[PDB]
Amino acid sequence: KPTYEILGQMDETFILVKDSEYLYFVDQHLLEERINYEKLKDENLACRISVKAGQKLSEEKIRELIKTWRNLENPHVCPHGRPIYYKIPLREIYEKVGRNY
């Protein structure tokens, strides 16, 4: 959804961001690779210039990536077929601890 909250980074590899329904773990490399691939139409070039796992991203760079993610033609899979993100429904977390959601 267009209303979302960025929670931070995990393992310098995933961006955590949620809307009202799901928490998403977004692979930072695959996301930048998709952004660059849609701009450049060259999988190897897109891959080689993108952030790698284990590179620390600033809060601003994370905001830019997540903003762009929502506008991609394919926000779901990188050019090599790997899913860009894992998601979990918020309700699974809330219901485990016995909270209404």
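In this text, rigid core is short for the largest set of C-alphas that superpose within 1.5 Å between two forms. All residue numbers refer to positions in the sequence shown, first residue = 1.
- Farther on average from this form in 4 other deposited structures of this protein lies stretch 44-52, the comparison being between 58-66 and 44-52 by RMS Cα distance after core superposition.
- In this entry, 64-72 shows the higher mean Cα temperature factor of the pair 64-72 and 26-34.
- For residue 83, the recorded CA B-factor ranks within the lowest third of the chain. Only modelled residues enter the ranking.
- Among the modelled residues of its chain, residue 46 has a C-alpha B-factor that falls in the middle third according to the deposited record.
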